[PDB]
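J.: task: produce atomic coordinates for the following.
(chains A and B)
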Amino acid sequence: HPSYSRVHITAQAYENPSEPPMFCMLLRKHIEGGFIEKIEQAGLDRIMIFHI
RNA sequence: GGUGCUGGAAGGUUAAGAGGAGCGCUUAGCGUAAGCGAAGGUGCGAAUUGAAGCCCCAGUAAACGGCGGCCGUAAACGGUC
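T.: Numbering: from 1, shown residues only, chains lettered A, B, ... in the order given. Have a look at this structure:
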């Protein structure tokens, strides 16, 4: 989000699953079915690295 | 992919020619009536064989030939026929 950007494990139900955009479709094409190797930070900056 | 060219019969379509089943027409004669009829002669000839070629399978574009549309996103990428 431009003001509310965050990364956390949510617990509430984010409803209205509308028709997915093309970034979500490419994520389901490329990422789904895989495993997560490690979650590490690029130094001390606000950069999150996900190893899939 | 289609058409040309080259190669390949696994499988169908295959002509003429071989092949002759069988079915008509005549009658020596059996028959009260209408029909049946051997041997010949004379027409129609069904099955079975019978190559190239065609359907088919591959390659070949300095062979013939062709190289598209809609909607987004900033040539390029994404969705669909």
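J.: for residue A:22, phi and psi?
T.: Recorded main-chain torsions at residue A:22 are phi -70, psi -20, according to degrees, to the nearest 10.
J.: and for it, the neighbour number?
T.: A count of nearby residues for residue A:22, using other C-beta atoms under 10 Å, gives 7. Any C-beta I mention is one placed from the backbone N, CA and C, and that applies to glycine too.
J.: how far away is it from RNA strand B?
T.: The span separating residue A:22 from RNA strand B equals 4 Å under the rule C-beta to the nearest atom of the strand, to the nearest Å.
J.: can you tell me the centre-most residue of chain A?
T.: residue A:7 (8.0 Å; C-alpha atoms, centre = their mean).
J.: what's opposite the residue nearest to that residue when sequence neighbours are not counted in the beta bridge?
T.: Closest residue in space to residue A:7, ignoring its immediate chain neighbours: residue A:48 at 6.1 Å, by C-beta to C-beta, 6 or more residues apart in numbering. Per DSSP bridges, residues listed as beta-bridge partners of residue A:48: residue A:41.
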